[PDB]
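Q:
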Amino acid sequence: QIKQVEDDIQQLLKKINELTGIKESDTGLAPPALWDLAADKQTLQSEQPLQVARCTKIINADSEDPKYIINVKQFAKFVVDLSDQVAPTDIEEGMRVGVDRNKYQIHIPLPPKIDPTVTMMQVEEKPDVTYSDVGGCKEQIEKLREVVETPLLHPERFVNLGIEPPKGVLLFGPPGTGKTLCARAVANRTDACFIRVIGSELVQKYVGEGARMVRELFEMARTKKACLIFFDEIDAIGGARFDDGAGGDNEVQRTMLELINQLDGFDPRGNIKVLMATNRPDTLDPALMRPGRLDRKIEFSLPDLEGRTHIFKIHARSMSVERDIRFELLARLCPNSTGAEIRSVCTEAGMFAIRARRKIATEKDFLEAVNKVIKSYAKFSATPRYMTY
Amino acid sequence: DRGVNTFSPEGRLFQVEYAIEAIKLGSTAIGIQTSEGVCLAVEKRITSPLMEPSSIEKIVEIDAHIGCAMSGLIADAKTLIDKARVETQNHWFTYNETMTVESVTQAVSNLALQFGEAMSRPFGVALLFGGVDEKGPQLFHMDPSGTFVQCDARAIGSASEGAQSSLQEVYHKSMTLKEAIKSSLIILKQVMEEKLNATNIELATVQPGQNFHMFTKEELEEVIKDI
Amino acid sequence: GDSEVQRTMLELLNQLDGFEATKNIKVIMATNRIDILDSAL
Amino acid sequence: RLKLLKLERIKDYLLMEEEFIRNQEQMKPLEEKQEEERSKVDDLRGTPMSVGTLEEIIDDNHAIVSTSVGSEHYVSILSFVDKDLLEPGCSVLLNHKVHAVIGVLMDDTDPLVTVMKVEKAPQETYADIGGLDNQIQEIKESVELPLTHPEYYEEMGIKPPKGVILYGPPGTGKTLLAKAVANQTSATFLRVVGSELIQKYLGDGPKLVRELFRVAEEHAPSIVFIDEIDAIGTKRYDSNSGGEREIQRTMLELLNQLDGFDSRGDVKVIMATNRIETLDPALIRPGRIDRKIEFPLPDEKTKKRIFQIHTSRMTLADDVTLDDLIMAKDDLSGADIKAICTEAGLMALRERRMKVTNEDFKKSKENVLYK
Amino acid sequence: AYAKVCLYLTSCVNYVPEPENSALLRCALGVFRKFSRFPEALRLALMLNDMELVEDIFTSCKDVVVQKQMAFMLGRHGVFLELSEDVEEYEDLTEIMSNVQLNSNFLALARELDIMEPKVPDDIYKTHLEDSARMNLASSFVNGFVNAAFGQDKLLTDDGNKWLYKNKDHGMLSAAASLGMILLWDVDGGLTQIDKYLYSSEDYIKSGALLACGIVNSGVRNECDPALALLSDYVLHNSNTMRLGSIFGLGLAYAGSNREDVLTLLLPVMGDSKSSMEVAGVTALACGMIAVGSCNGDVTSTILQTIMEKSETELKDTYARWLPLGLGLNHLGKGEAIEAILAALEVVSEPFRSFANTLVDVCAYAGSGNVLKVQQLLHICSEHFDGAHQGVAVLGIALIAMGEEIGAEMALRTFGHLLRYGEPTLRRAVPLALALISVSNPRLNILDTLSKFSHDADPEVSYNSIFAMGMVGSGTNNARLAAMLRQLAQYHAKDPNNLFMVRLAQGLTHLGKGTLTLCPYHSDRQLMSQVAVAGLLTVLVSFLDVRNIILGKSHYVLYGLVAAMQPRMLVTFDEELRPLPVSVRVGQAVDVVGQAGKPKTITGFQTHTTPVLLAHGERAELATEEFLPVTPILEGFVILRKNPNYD
Amino acid sequence: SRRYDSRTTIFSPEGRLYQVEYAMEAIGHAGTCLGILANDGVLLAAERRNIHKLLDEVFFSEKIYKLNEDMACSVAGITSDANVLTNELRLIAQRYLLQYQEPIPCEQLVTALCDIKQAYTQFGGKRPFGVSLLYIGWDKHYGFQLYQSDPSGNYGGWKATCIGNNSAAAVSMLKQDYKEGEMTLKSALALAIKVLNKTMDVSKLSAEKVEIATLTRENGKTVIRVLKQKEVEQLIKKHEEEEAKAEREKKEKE
Ligand SMILES: Nc1ncnc2c1ncn2[C@@H]1O[C@H](COP(=O)(O)OP(=O)(O)OP(=O)(O)O)[C@@H](O)[C@H]1O
Ligand SMILES: Nc1ncnc2c1ncn2[C@@H]1O[C@H](COP(=O)(O)OP(=O)(O)O)[C@@H](O)[C@H]1O
Ligand SMILES: [Mg+2]
Ligand SMILES: [Mg+2]
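Shown next as structure tokens:
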């Protein structure tokens with residue numbers, strides 16, 4: 044009777060759909076559970092649409108009946124007045140006025156414009172990485188934790204001593220040392236607005252578009268009460284300014300200068316704390332590296348023996364390794380290696396076991412993995428160059 | 009950075025320190041000095057069974073009263089050993105006496121930063143000169159930086175950190191040479207990548223008496239049985 | 265700089281080399297010199 | 059049986075559900091009937107519905123919508139829309155008269171998505187490849203095995219390698235293994251090239267990289283095959299406005315996409331090249347790409363296998379010996395072997411025979427394999 | 225063979241009609257006893273509710289260590305066996321059964337995973353990134380929930396009169412019982428603090444401290460009888476003013492004990508009729524909590540007489556819902572037997588019928604999974620009165661369907677459709693039932709639906725949805741849910757009547773800083789805890805009417821929620837009750853179900869050293885075959901022996 | 002540490018010497034040259050890249066030089082580097098003659114010049130000699146000998162070989178149709194003519210576009226003679242006749 048049961052189950056599903064709502068996703072429609080037609084009719088008959096304009100000037104701002112010069116974007120500019128439901132103080136000379144049609148007056152104050160590209164940068168889903176997934180950089184974790192979390196968690200211990208906590212960090216180190224890993228850990232552990240930015244995301248085709256979105260990013264952060272920004276791969280736009288003779292890097296230098304002025308200029312930067320992740324901290328501009336903008340430069344040097352042993356432990360926690368581990372032997376056997384190298388060694392040990400069709404990875408498998416990842420791949424390593432860099 | 013004689017912003021020759029990095033890639037040598045003599049036990053990394061273990065010469069005889077355990081790059085080690093032997097024999101010829109371990113170590117170290125643009135790069139070898147001279151047994155450690163210092167017990171090589179932590183945990187000033195060899199072999203076995211089998215390690219001893227002596231397979235087997 | 269025409273040939277040939285479902289798209293190119301042609305082509 | 063009783067415990071609650079759903083549907087007062095609600099939806103959504111961008115979401119029942127003409131109407135969003143799938147930059151359906159958000163769009167994909175996706179299985183298969191046993195094993199362990207038997211990896215406790223590099227001289231089977239993986243895999247195959255990543259305006263390269271990997275995530279499980287990645291490097295083009303440094307920023311965007319802040323979904327990266335020394339080591343690092351596998355020129359046995367594969371369908375003449383080709387002791391590649399066979403067939407049809415001969419093969423030698 | 229049998233029998237028992245479940249359980253128990261798998265036999269006996277068989281198996285067990293681990297399991301489930309004075313280590317087994325040392329073990333886990341640092345309500349609120368008596372009540376509630384079972388805090392353990400006086404009216408009771416719940420689980424040394432508070436000139440404060448004593452003794456079992464004394468001394472003569480704190484504290488303190496002395500002390504105060512209807516309802520509730528599952532004729536009879544005696548308008552008035560609730564708690568899970576009570580209630584009164592009948596029926600069929608019963612409930616749901649019976653009926657579908665991993669999700673779908681096609685009362689109730697069907701079990705459809713309907717226009721539906729989402733997150737402090745609750749606080753910043761619920765959800769989510777679980781079931785997803793389900797049903801039936809009960813003056817039911825507070829624990833012990841920190845791996849669930857493949861293989865390996873704070877649905881197995889576990893399933897406290905075979 | 006060094010003599014990420022191989026491919030671009038051994042003597046043909054009409058004929062050869070009495074060489078690559086290498090070859094041969102009072106053996110002279118080549122590829126920062134040599138000689142140890150040396154300092158003894166443009170095709174053809182213990186000078190000249198034809202297909206082997214030098218032994222002396230235009234024209238005419246006959250035979254068969 045099994046097939047009869049499945050046939051009945053699917054027929055029942057088909058009937059439930061046919062009588063409740065089946066398929067409406069072509070025109071992005073919703074399931075009919077949350078369909079408040081009674082409310083939406085009153086919405087369309089009682090809430091008139093409002094065209095978004097900008098209040099340019101307030102003629103006769105005194106208590107006398109004022110007049111506001113609005114500029115309905117790309118439509119027209121008008122002299123208008125406020126709705127009797129809107130208080131005069133709720134509207135300034137730069138807010139998005141939000142005026143109705145038909146004697147453009149039914150006002151709703153409206154926040155600053157944010158580019159969709161910039162606003163699609165807040166970290167909504169927090170990374171699944173924690174501070175316990177980072178090993179061999181205890182002091183770096185402590186310093187980064189201080190700077191980014193501790194003021195945002197217990198500000199009393201800072202205002203008691205009257206200290207301004209450092210607001211700005213530069214995580215710098217060779218390719219694969221825990222820079223982006225620690226950024227993800229900070230994003231996961233932080234209760235605040237985390238905004239990730241990628242140096243390549245500030246390269247835009249039209250002059251003044253990189254600086255424009257830097258300004259928008261920082262002013263959105265300012266609108267939010269407690270914000271951590273994280274410029275990863277900051278090498279992209281952050282580079283020492285050189286005159287040249289053909290105007291090279293003028294646009295990227297302009298957006299970098301906008302970032303500089305936003306970090307520390309003729310303005311209180313706000314409650315924004317910034318991270319700069321890089322593996323070439325020798326191109327960054329001296330102004331960018333000034334401790335008024337990057338206060339707490341942190342070096343993610345290649346882990347020492349203890350750090351490598353800890354990283355091996357971390358990456359082999361969930362593996363099916365055998366009794367005797369000798370991860371200390373592995374750490375001494377693969378010096379001047381990165382956490383990326385170590386995780387690859389663990390993965391290759393697991394794959395050697397899988398290829399042999401075993402369910403237990405042994406010390407011989409780990410030694411083969413070290414030979415494959417550290418010795419054979421030694422010619423593709425980035426450390427010999429990026430340690431100089 | 010470009011050039012072999014450039015200083016880092018922190019104060020760093022860049023080449024001495026890359027040489028130190030190279031040292032951290034070598035086999036583990038452990039030297040101990042005691043009132044009864046100096047012991048030198050060095051891991052002998054045998055990569056294949058077809059390699060004649062006796063041909064891996066990491067413990068060498070500078071003179072009848074000084075031996076040297078090398079780690080890092082064995083060919084640079086050999087160059088430094090040849091220079092040390094020539095210097096000891098020159099000193100004997102001129103003065104009709106024996107080089108002190110300190111004197112020979114400093115004479116070798118004065119050749120450590122003699123590169124430029132002669133040698134083009136530093137010697138990527140760390141040496142343990144264990145000898146006996148007028149002032150009793152002395153063990154001197156030299157590193158590519160040319161800075162030599164005499165240690166009560168030193169461990170150079172890949173397992174330097176763990177070996178020296180164990181040397182702290184075990185070593186005491188009032189110990190006998192037999193127990194020094196015992197502890198050195200225990201530490202070397204602990205940090206060994208494979209099993210200690212009496213053919214993958216070199217052991218040597220310099221006593222106030224008999225000249226520098228490299229333990230044979232029989233004595234090595236006896237000690238390894240004891241451990 | 266390198267040749268945009270040669271870039272386009274190389275990309276189209278990469279597509280046609282088994283990554284094109286259709287079977288009747290031929291690619292012809294015209295050049296003045298044989299040596300300067302990209303080694304990839 | 060246990061499973062039969064499970065499915066019965068499902069079907070009985072389902073029948074309960076239809077009973078309740080009917081009951082309610084009839085006691086509705088000749089209104090709110092699913093069809094009646096759909097008709098009311100049509101009535102309230104207007105007969106034309108303009109497509110406009112969603113600039114931002116202010117809250118449920120409100121949003122700023124940019125009309126095609128540039129106006130920026132702040133307007134309500136009705137219960138009709140899912141209040142989901144709505145992110146700044148999305149298309150939105152707006153009631154003509156009141157511009158109310160009454161639907162969403164982008165049900166279609168872009169031409170970039172269409173071109174990148176390989177909506178086909180290349181006819182080449184692992185059986186059509188001869189000599190690359192170890193390379194096939196490793197690429198399978200990286201791309202196919204984690205998809206077909208995730209149990210191995212999950213039980214072992216390791217994650218599979220994220221990327222693989224196929225590095226080898228000009229013609230050794232790199233794109234051939236890419237074709238075989240595309241043929242056999244159940245994941246969506248997205249093919250790109252390095253010169254194809256090198257864009258013209260400033261910021262187009264990074265934008266294309268981001269779009270490619272976003273498409274890969276959207277169509278996950280996916281395999282992104284970047285052939286001739288060294289083209290982003292070695293080759294220099296005047297169309298590139300930014301030049302070497304814009305190339306560097308595109309490479310940096312690739313770095314971030316391969317291993318950056320954002321958590322990847324199921325997107326395995328294959329990347330092929332014949333000049334691996336020109337690649338940025340940061341790009342090749344183990345976290346981004348492990349499994350750097352070489353494709354050396356075939357030895358004598360492998361060359362024999364290539365000739366057998368590529369002559370399996372040709373009617374070789376009895377006198378033809380597929381041994382002199384191999385005895386030619388040069389840097390012979392599989393591409394060279396296939397071209398020799400193909401041009402031998404071309405001379406066969408030129409001289410009107412359906413059977414290839416030793417002379418045809420020799421003149422093919424002299425023609426394509428100019429040595 | 226063994227695996228085939230046992231697994232098929234367990235699954236079929238969960239998935240089979242009523243008549244065959246008992247027989248299948250009998251044969252499963254027989255197979256376990258034949259193959260000498262005593263802990264499995266005990267688990268089957270408990271899930272059968274066969275105290276006689278439980279005693280037989282436990283006494284037949286002649287191994288001291290296995291008997292002690294059985295005692296741990298039975299204490300966690302909640303039962304106080306009256307063992308005779310001739311067994312293997314009588315005193316140790318009896319105290320393990322009584323569940324003492326739980327304070328020490330909980331503190332030890334806290335120290336191993338340092339969480340002893342107090343978290344003030346403002347710390348969880350995080351207002352620095354985003366009133367009056369209501370806010371004081373909410374802050375006290377969340378403080379208590381977060382610092383439960385620690386005996387530590389920063390508001391009340393420090394200067395506490397300030398907090399008490401900042402709280403107003405029933406906020407006094409709220410704060411006092413919040414302190415009680417902070418000192419919960421064997422801080423009976425805290426009788427000192429609660430006594431030197433109840434030595435007060437304020438009636439609310441004194442009664443709240445009495446409730447604090449009761450709740451501290453809740454779950455605890457001390458042969459000194461540290462509750463009956465206080466409770467009787469206070470409740471003997473003053474049965475006119477409030478009495479709710481005292482009665483509720485007694486009930487919460489003793490619960491599954493089912494001690495005739497406390498029964499006969501609670502019955503007369505209910506039957507006197509000189510105590511307000513609130514006291515009568517709370518007394519019936521306390522009787523039910525004391526006797527959760529007895530078929531107790533005395534309790535049933537007194538409830539019937541109370542329902543008959545109370546006037547028609549009194550029954551109309553709320554707080555009468557707790558009398559049939561007490562009767563159901565008495566007839567908890569007993570199944571069909573209730574026919575007599577059902578007929579009695581049917582003949583009692585016409586309008587109160589639907590309510591009392593449905594409540595007792597659902598509370599008696601809890602976990603049965605009777606599809607025909609749920610069909611009767613759904614027909615009652617379809618028939619719209621043009647409501648209290650409607651809400652208790654939806655709660656009934658939840659309560660009866662929270663037994664199968666498939667029926668549970670399908671009942672979630674049914675609840676979604678119920679909200680879609682529902683009426684005011686139906687929609688108001690659905691969130692409570694949808695919380696019951698999943699407690700301390702975050703699920704990314706439950707959370708989404710509750711979050712969506714929190715914003716709903718209906719304020720009471722919003723209340724129930726927010727409390728339900730907090731319930732789902734209970735004891736599982738989660739970044740996503742905490743951010744969601746903070747966002748909801750921002751949303752309903754001005755609305756105090758809803759911001760109180762939002763704050764309550766925040767605190768209940770961060771329960772114990774994250775150590776506990778309010779889920780009724782335990783062990784391996786099929787072991788109903790009668791005390792825990794009684795507490796949860798109490799809280800949710802009270803919430804059925806949220807304005808006049810919780811938002812009014814009856815949050816002592818929120819404090820009764822404590823009846824279901826049990827820890828997610830994996831502490832390991834030596835044969836002589838000593839800590840054994842041992843490497844243990846964790847994961848959720850994986851296997852190949854071929855024939856009867858056990859779902860015991862875990863893939864999300866995460867090596868830990870016990871104590872380990874495992875989450876919902878994660879099975880933790882040993883890291884190495886060096887110790888053998890006496891219990892086949894590693895939940896709660898365990899005793900691990902040294903494998904004589906080989907390390 | 003210099004910025005202008007260019008690091009001529011370093012290794013590459015792979016053990017591949019970039020300057021040496023760039024010199025190799027410069028040889029490949031250079032004019033074609035080939036040599037054939039034969040029991041009676043050795044010969045060396047060479048394409049001419051000096052085919053301009055206004056270009057005078059003042060030397061007896063342009064690609065081919067004489068090293069000593071019984072030895073000649075031919076250069077492919079860079080003319081000036083070739084001139085210096087030929088001068089050094091003459092110096093080496095005459096130093097050996099002064100020292101031992103007998104002609105330098107061919108392999109010894111090739112080894113000496115290749116030692117100089119290796120010295121330039123390993124020492125100093127100087128670029129290597131982008132010149133490939135084909136030596137044809139005679140000595141009392143192995144008689145007629147043919148050697149081919151590359152910019153890397155590697156030399157090999159051959160029976161027939163080719164360097165320069167289309168050298169791969171020329172060597173493939175020689176491999177196909179060269180007979181080991183046979184092919185006296187007559188057939189060797191014919192083979193060289195046909196190889197040069199199929200190697201310079203662009204031009205139909207005008208007698209003025211190639212130079213042939215033949216080394217033989219007569220009465221105990223070694224004679225190195227550059228074939229005159231008359232003889233080259235005769236050889237080209239003979240090959241054209243043979244090719245026409247072969248084509249006619251193939252067509253008649255078909
Ligand atoms: N210290 C570490 N501890 C644990 N894992 C590490 C560590 N360093 C690197 N890893 C592993 O490597 C990856 C993290 O590298 P990450 O992305 O942070 O590199 P990065 O330093 O930002 O380098 P890049 O210059 O390439 O951007 C993860 O796989 C992580 O497991
Ligand atoms: N086993 C093989 N090894 C090398 N090439 C092969 C093999 N089998 C077939 N080929 C041919 O080689 C060509 C693919 O070469 P490819 O891998 O693209 O070289 P590259 O990517 O380096 O340009 C195909 O035309 C295919 O027919
Ligand atoms: Mg990074
Ligand atoms: Mg290719």
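Residue numbers (the deposited numbering), protein chains in the order written: chain A, 44 to 432; chain K, 9 to 125, 132 to 241; chain C, 265 to 305; chain B, 59 to 429; chain f, 225 to 354, 366 to 621, 647 to 907; chain I, 2 to 255. A virtual CB, placed ideally from N, CA and C, is assigned to each residue, including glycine.
#1: Check each candidate in B/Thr-230, B/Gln-242 and B/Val-171 and name the one with the smallest Cα separation from B/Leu-266.
#2: Under 7 Å Cβ-Cβ, which residues of chain B neighbour f/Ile-666?
#3: What would DSSP say about K/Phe-154, mapped onto helix, strand or coil?
#4: Quick one: is f/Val-582 buried, meaning 16 or more other Cβ sit within 10 Å of its Cβ, or exposed?
#5: How many whole angstroms separate the CB atoms of f/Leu-741 and f/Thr-769, which I take to be in contact at a CB cut-off of 8 Å?
#6: So, A/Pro-311 versus B/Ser-321, is the Cβ gap smaller than 8 Å?
#7: For a cutoff of 8 Å on Cβ pairs, would you count A/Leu-77 as touching chain B?
#8: When the cut-off is 8 Å and only beta carbons count, does C/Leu-301 lie next to chain B?
#9: Under a CB-based cut-off of 8 Å, is B/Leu-73 close to chain A?
#10: Output, in sequence order along the chain, the residues in the segment 377-396 of chain A whose CB is closer than 9 Å to any CB in chain K.
#11: With contact counted as at least three CB pairs below 8 Å, one residue from each stretch, are the segment 134-149 of chain B and the segment 103-119 of chain B in contact?
#12: So which of K/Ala-177, K/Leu-181 and K/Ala-140 has the shortest CA-CA distance to K/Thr-161?
#13: K/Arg-93 versus chain I: which residues are under 7 Å apart at the beta carbon?
A: A quick look at the data gives this:
#1: Mapped onto the fourth sequence, residue 266 of chain B falls at position 208. The shortest C-alpha separation from B/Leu-266 is found at B/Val-171.
#2: On the fifth sequence, position 406 is the one that residue 666 of chain f refers to. Going along chain B in sequence order, the residues near f/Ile-666 (Cβ under 7 Å) are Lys-64, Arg-67 and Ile-68.
#3: Taking the second sequence and counting its residues from 1, one reaches residue 154 of chain K at position 140. If DSSP states are grouped into helix, strand and coil, K/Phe-154 belongs with the strands.
#4: Position 347 of the fifth sequence holds residue 582 of chain f. Looking at its Cβ environment, which holds fewer than 16 other Cβ atoms inside 10 Å, f/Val-582 is exposed.
#5: Counting from 1 along the fifth sequence, the entry for residue 741 of chain f is found at position 481. Counting from 1 along the fifth sequence, the entry for residue 769 of chain f is found at position 509. Yes, f/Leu-741 and f/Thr-769 are in contact; Cβ-Cβ is about 6 Å, under 8 Å.
#6: Position 268 of the first sequence, counted from the start, is the residue given in the question as residue 311 of chain A. Position 263 of the fourth sequence, counted from the start, is the residue given in the question as residue 321 of chain B. Result no, Cβ atoms of A/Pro-311 and B/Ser-321 do not sit closer than 8 Å.
#7: Translated into positions along the first sequence, residue 77 of chain A becomes position 34. Yes, contact with chain B.
#8: Mapped onto the third sequence, residue 301 of chain C falls at position 37. No, its Cβ sits nowhere closer than 8 Å to a Cβ of chain B.
#9: Within the fourth sequence, numbered from 1, the residue matching residue 73 of chain B stands at position 15. Interface residue, yes.
#10: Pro-378 and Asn-379
#11: yes
#12: The count along the second sequence starts at 1 and reaches residue 161 of chain K at position 147. Comparing Cα positions, the closest option is K/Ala-140.
#13: In the second sequence, residue 93 of chain K corresponds to position 85, counting from 1. Chain I residues near K/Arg-93: none, gap ~30 Å exceeds 7 Å.
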